[PDB]
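Engineer: Just dropping this structure here.
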Amino acid sequence: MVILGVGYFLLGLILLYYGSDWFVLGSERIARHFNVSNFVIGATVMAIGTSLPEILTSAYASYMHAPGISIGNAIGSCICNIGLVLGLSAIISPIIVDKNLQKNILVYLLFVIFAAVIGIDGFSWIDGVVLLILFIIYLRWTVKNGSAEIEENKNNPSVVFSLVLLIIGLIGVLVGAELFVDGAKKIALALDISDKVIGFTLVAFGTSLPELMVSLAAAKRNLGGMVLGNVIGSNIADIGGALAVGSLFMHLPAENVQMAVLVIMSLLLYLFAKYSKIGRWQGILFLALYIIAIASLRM
Ligand SMILES: [Cl-]
Ligand SMILES: [Sr+2]
Ligand SMILES: [Sr+2]
């Protein structure tokens, strides 16, 4: 309608700007309550809350007999998370990785390499069932090594604020992203600038807006571990969660080009984390590869 396609667009961005910040502050206070590293709270609670858009999209698309979008959206998100999301964040707040997280990232690499190998055929529902189970135990393994056993425990009005601040921030970024996207074709439709590729590859970016905005918030507060966790977790939540659910309704066609790309960056992310840093010149490299990715890779 334009306006409601604008007074939306802006309304969503404000719910993204402040929403991401509250979702970060809420998670970081929760992470300190469960005594758990920022990496883990980002790899679990945040990663899944942010990857809810891809899950529902991939599910809805695969069910609607459009499996190409489902897998395309799942892998497209992963590439965006390493290239754009982590790329921007690394420059802002460089992270050096302790040897506790290097192995968690190494697990991520094996996981991705595994999905790529069994994905050459495509993704049968069985292929998805396995991924969904590997995804489940990754979380528990991540919580286990990242946690310590203490008390636990409340009415504690310092935890209720943490919990509430978290879910408000989550509802904020999910709605704020939804408003942004809905507000984005209302502006496009009423100027008659619409077809196929804007109607999709805009929402392909729409599901990635929660990760982007949330990571920018944590990076600006130098909570780099949380960012790194939210990137790794979301990716696994995209492969083991979004993609897997897509395989249940229908066979997902092979995307060996995008997988090979994802593996390379994932490989790059590990090597940087083990022997070097994740700072300006690595983040720059990720963005460059992301630029090349969106410039050259097909429809
Ligand atoms: Cl940190
Ligand atoms: Sr997401
Ligand atoms: Sr397969």
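For the structure tokens, the naming scheme is as follows: chains receive sequential letters (A, B, ...) according to their order of presentation, residues are indexed from 1 within each chain, and ligands are indexed from 1 in presentation order.
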Could you report the residues within 6 Å of ligand 2, using only C-alpha atoms and all ligand atoms, as a list in words?
Structural biologist: residues 50, 51, 53, 54, 207, 208, 210 and 211 of chain A
Engineer: Go ahead and save the picked residues with C-alpha atoms, as a tab-separated table (two decimals), in the first residue's frame.
Structural biologist:
chain	number	residue	atom	x	y	z
A	50	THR	CA	17.45	-16.84	15.29
A	51	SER	CA	17.11	-19.86	12.99
A	53	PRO	CA	12.73	-18.31	10.32
A	54	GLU	CA	14.73	-20.78	8.17
A	207	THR	CA	15.63	-15.09	7.53
A	208	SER	CA	19.26	-14.01	8.00
A	210	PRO	CA	17.95	-11.92	12.99
A	211	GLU	CA	21.51	-13.35	12.97
Engineer: Residues within 12 Å of ligand 1 should be enumerated using only C-alpha atoms and all ligand atoms and returned as a PyMOL selection string.
Structural biologist: chain A and resi 24+27-28+31-32+36-42+93-98+101+215+218-230
Engineer: Under the rule of at most 6 Å, produce a per-residue listing of chain A near ligand 3: chain, number, name, the closest pair of atoms, and the distance in Å, as JSON lines, using only C-alpha atoms and all ligand atoms.
Structural biologist:
{"residue": "A:118", "atom": "CA", "partner": "ligand 3", "partner_atom_place_in_ligand_line": "1 (Sr)", "distance": 4.7}
{"residue": "A:119", "atom": "CA", "partner": "ligand 3", "partner_atom_place_in_ligand_line": "1 (Sr)", "distance": 4.5}
{"residue": "A:120", "atom": "CA", "partner": "ligand 3", "partner_atom_place_in_ligand_line": "1 (Sr)", "distance": 5.8}
{"residue": "A:121", "atom": "CA", "partner": "ligand 3", "partner_atom_place_in_ligand_line": "1 (Sr)", "distance": 3.8}
{"residue": "A:122", "atom": "CA", "partner": "ligand 3", "partner_atom_place_in_ligand_line": "1 (Sr)", "distance": 4.1}
{"residue": "A:123", "atom": "CA", "partner": "ligand 3", "partner_atom_place_in_ligand_line": "1 (Sr)", "distance": 4.5}
{"residue": "A:124", "atom": "CA", "partner": "ligand 3", "partner_atom_place_in_ligand_line": "1 (Sr)", "distance": 5.8}
Engineer: Those residues with N, CA, C and O atoms, as a CSV table (one decimal), in the first residue's frame please?
Structural biologist:
chain,number,residue,atom,x,y,z
A,118,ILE,N,27.0,-36.7,2.1
A,118,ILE,CA,25.8,-37.5,2.0
A,118,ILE,C,24.7,-36.6,1.3
A,118,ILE,O,23.6,-37.1,1.0
A,119,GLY,N,25.1,-35.4,0.9
A,119,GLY,CA,24.2,-34.5,0.2
A,119,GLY,C,24.4,-34.5,-1.3
A,119,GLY,O,23.6,-33.9,-2.0
A,120,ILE,N,25.4,-35.2,-1.8
A,120,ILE,CA,25.7,-35.2,-3.2
A,120,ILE,C,24.6,-35.9,-4.0
A,120,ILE,O,24.2,-35.5,-5.1
A,121,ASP,N,24.0,-37.0,-3.4
A,121,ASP,CA,22.8,-37.6,-3.9
A,121,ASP,C,21.6,-36.7,-3.8
A,121,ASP,O,20.7,-36.7,-4.6
A,122,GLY,N,21.7,-35.8,-2.8
A,122,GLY,CA,20.5,-35.0,-2.4
A,122,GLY,C,20.3,-35.3,-0.9
A,122,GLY,O,21.1,-35.8,-0.2
A,123,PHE,N,19.1,-35.0,-0.5
A,123,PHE,CA,18.7,-35.2,0.9
A,123,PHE,C,17.4,-36.0,1.1
A,123,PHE,O,16.3,-35.4,1.1
A,124,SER,N,17.5,-37.3,1.3
A,124,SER,CA,16.3,-38.1,1.6
A,124,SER,C,15.9,-37.8,3.0
A,124,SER,O,16.6,-37.1,3.8
Engineer: If you run DSSP on this backbone, which residues of segment 11-240 of chain A come out as helix (DSSP H, G or I), and could you give them as a ChimeraX atom specification?
Structural biologist: /A:11-33,38-50,52-63,67-92,102-117,125-146,160-189,198-201,203-206,209-220,224-240
Engineer: Identify, on the basis of only C-alpha atoms, every residue whose closest approach to segment 7-20 of chain A does not exceed 6 Å; exclude the query and any residue fewer than 6 positions from it along the same chain; express the result as a PDB file with N, CA and C atoms, in the first residue's frame.
Structural biologist:
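File around_34.pdb, as written:
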ATOM      1  N   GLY A 169      13.477  -9.431  23.311  1.00  0.00           N
ATOM      2  CA  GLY A 169      14.446  -9.200  22.258  1.00  0.00           C
ATOM      3  C   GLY A 169      14.277 -10.175  21.110  1.00  0.00           C
ATOM      4  N   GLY A 172      11.149  -9.340  19.323  1.00  0.00           N
ATOM      5  CA  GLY A 172      11.501  -8.106  18.646  1.00  0.00           C
ATOM      6  C   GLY A 172      12.186  -8.310  17.307  1.00  0.00           C
ATOM      7  N   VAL A 173      13.196  -9.176  17.272  1.00  0.00           N
ATOM      8  CA  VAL A 173      13.960  -9.386  16.044  1.00  0.00           C
ATOM      9  C   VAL A 173      13.222 -10.259  15.035  1.00  0.00           C
ATOM     10  N   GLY A 176      10.386  -7.907  13.945  1.00  0.00           N
ATOM     11  CA  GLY A 176      11.083  -6.821  13.277  1.00  0.00           C
ATOM     12  C   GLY A 176      11.627  -7.213  11.916  1.00  0.00           C
ATOM     13  N   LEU A 179       8.346  -7.777   9.734  1.00  0.00           N
ATOM     14  CA  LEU A 179       7.819  -6.478   9.327  1.00  0.00           C
ATOM     15  C   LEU A 179       8.661  -5.868   8.216  1.00  0.00           C
ATOM     16  N   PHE A 180       9.978  -5.995   8.352  1.00  0.00           N
ATOM     17  CA  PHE A 180      10.916  -5.512   7.348  1.00  0.00           C
ATOM     18  C   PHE A 180      10.627  -6.135   5.992  1.00  0.00           C
ATOM     19  N   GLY A 183       6.968  -5.421   4.869  1.00  0.00           N
ATOM     20  CA  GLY A 183       7.027  -4.020   4.520  1.00  0.00           C
ATOM     21  C   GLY A 183       7.868  -3.769   3.289  1.00  0.00           C
ATOM     22  N   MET A 213      21.610  -8.740  12.757  1.00  0.00           N
ATOM     23  CA  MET A 213      21.356  -7.685  13.735  1.00  0.00           C
ATOM     24  C   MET A 213      21.811  -8.071  15.139  1.00  0.00           C
ATOM     25  N   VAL A 214      21.529  -9.310  15.530  1.00  0.00           N
ATOM     26  CA  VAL A 214      21.908  -9.807  16.847  1.00  0.00           C
ATOM     27  C   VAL A 214      23.425  -9.846  17.009  1.00  0.00           C
TER      28      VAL A 214
END
Engineer: Using only C-alpha atoms, find the one residue out of A:162, A:147, A:201, A:35 that sits nearest to residue 181 of chain A.
Structural biologist: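 Smallest separation from residue 181 of chain A among the options: A:201.
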Engineer: Where does segment 17-85 of chain A meet segment 281-291 of chain A within 7 Å, residue by residue, with the nearest atom pair and distance in Å to one decimal for each, counting only C-alpha atoms, listed by chain and rising number, as a tab-separated table?
Structural biologist:
residue	atom	partner	partner_atom	distance
A:82	CA	A:286	CA	6.8
A:83	CA	A:286	CA	4.4
A:84	CA	A:287	CA	5.5
Engineer: For the residues in that selection, give me N, CA and C atoms as a PDB file, in the first residue's frame.
Structural biologist:
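File part28.pdb, as written:
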ATOM      1  N   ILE A  82      28.793 -16.989   7.709  1.00  0.00           N
ATOM      2  CA  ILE A  82      30.250 -16.966   7.765  1.00  0.00           C
ATOM      3  C   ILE A  82      30.799 -15.738   7.046  1.00  0.00           C
ATOM      4  N   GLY A  83      30.272 -15.475   5.854  1.00  0.00           N
ATOM      5  CA  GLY A  83      30.751 -14.381   5.028  1.00  0.00           C
ATOM      6  C   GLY A  83      30.367 -13.002   5.528  1.00  0.00           C
ATOM      7  N   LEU A  84      29.067 -12.732   5.576  1.00  0.00           N
ATOM      8  CA  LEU A  84      28.579 -11.413   5.960  1.00  0.00           C
ATOM      9  C   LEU A  84      28.568 -11.217   7.472  1.00  0.00           C
TER      10      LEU A  84
END
Engineer: Give me, as JSON lines, the closest atom pair and its distance (Å, one decimal) for every residue of segment 25-117 of chain A within a cut-off of 8 Å of segment 254-277 of chain A, counting only C-alpha atoms, rows sorted by chain and rising number.
Structural biologist:
{"residue": "A:71", "atom": "CA", "partner": "A:255", "partner_atom": "CA", "distance": 7.9}
{"residue": "A:72", "atom": "CA", "partner": "A:255", "partner_atom": "CA", "distance": 7.6}
{"residue": "A:75", "atom": "CA", "partner": "A:258", "partner_atom": "CA", "distance": 6.8}
{"residue": "A:76", "atom": "CA", "partner": "A:258", "partner_atom": "CA", "distance": 7.5}
{"residue": "A:78", "atom": "CA", "partner": "A:262", "partner_atom": "CA", "distance": 6.9}
{"residue": "A:79", "atom": "CA", "partner": "A:262", "partner_atom": "CA", "distance": 5.7}
{"residue": "A:82", "atom": "CA", "partner": "A:265", "partner_atom": "CA", "distance": 6.9}
{"residue": "A:83", "atom": "CA", "partner": "A:265", "partner_atom": "CA", "distance": 7.8}
{"residue": "A:94", "atom": "CA", "partner": "A:277", "partner_atom": "CA", "distance": 7.6}
{"residue": "A:95", "atom": "CA", "partner": "A:277", "partner_atom": "CA", "distance": 6.5}
{"residue": "A:96", "atom": "CA", "partner": "A:277", "partner_atom": "CA", "distance": 5.0}
{"residue": "A:97", "atom": "CA", "partner": "A:273", "partner_atom": "CA", "distance": 5.6}
{"residue": "A:99", "atom": "CA", "partner": "A:274", "partner_atom": "CA", "distance": 7.6}
{"residue": "A:102", "atom": "CA", "partner": "A:274", "partner_atom": "CA", "distance": 5.9}
{"residue": "A:105", "atom": "CA", "partner": "A:270", "partner_atom": "CA", "distance": 6.1}
{"residue": "A:106", "atom": "CA", "partner": "A:270", "partner_atom": "CA", "distance": 6.2}
{"residue": "A:108", "atom": "CA", "partner": "A:266", "partner_atom": "CA", "distance": 7.9}
{"residue": "A:109", "atom": "CA", "partner": "A:266", "partner_atom": "CA", "distance": 5.9}
{"residue": "A:112", "atom": "CA", "partner": "A:263", "partner_atom": "CA", "distance": 6.5}
{"residue": "A:113", "atom": "CA", "partner": "A:263", "partner_atom": "CA", "distance": 6.3}
{"residue": "A:116", "atom": "CA", "partner": "A:259", "partner_atom": "CA", "distance": 5.8}
Engineer: Output C-alpha atoms of each residue in that selection to a file, as a PDB file, in the first residue's frame.
Structural biologist:
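Result written to again_15.pdb:
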ATOM      1  CA  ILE A  71      17.644 -26.394   0.673  1.00  0.00           C
ATOM      2  CA  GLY A  72      18.697 -23.196  -1.097  1.00  0.00           C
ATOM      3  CA  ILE A  75      22.615 -23.418   2.664  1.00  0.00           C
ATOM      4  CA  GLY A  76      22.285 -19.796   1.571  1.00  0.00           C
ATOM      5  CA  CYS A  78      25.072 -20.714   6.255  1.00  0.00           C
ATOM      6  CA  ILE A  79      27.198 -18.980   3.615  1.00  0.00           C
ATOM      7  CA  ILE A  82      30.250 -16.966   7.765  1.00  0.00           C
ATOM      8  CA  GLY A  83      30.751 -14.381   5.028  1.00  0.00           C
ATOM      9  CA  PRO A  94      38.296  -9.355  16.738  1.00  0.00           C
ATOM     10  CA  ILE A  95      38.202 -12.715  18.505  1.00  0.00           C
ATOM     11  CA  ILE A  96      41.008 -15.048  19.439  1.00  0.00           C
ATOM     12  CA  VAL A  97      39.892 -18.586  20.188  1.00  0.00           C
ATOM     13  CA  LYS A  99      41.429 -24.288  22.775  1.00  0.00           C
ATOM     14  CA  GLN A 102      38.633 -24.700  18.660  1.00  0.00           C
ATOM     15  CA  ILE A 105      34.476 -25.505  15.688  1.00  0.00           C
ATOM     16  CA  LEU A 106      36.364 -28.585  14.492  1.00  0.00           C
ATOM     17  CA  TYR A 108      31.247 -28.113  13.152  1.00  0.00           C
ATOM     18  CA  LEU A 109      33.594 -28.690  10.213  1.00  0.00           C
ATOM     19  CA  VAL A 112      29.326 -29.808   7.498  1.00  0.00           C
ATOM     20  CA  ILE A 113      31.682 -32.085   5.557  1.00  0.00           C
ATOM     21  CA  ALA A 116      28.029 -32.300   2.016  1.00  0.00           C
TER      22      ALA A 116
END
Engineer: Which residue gives the smallest distance to residue 134 of chain A among A:236, A:231, A:299, A:62, with only C-alpha atoms counted?
Structural biologist: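 That would be A:236, the residue with the smallest distance to residue 134 of chain A.
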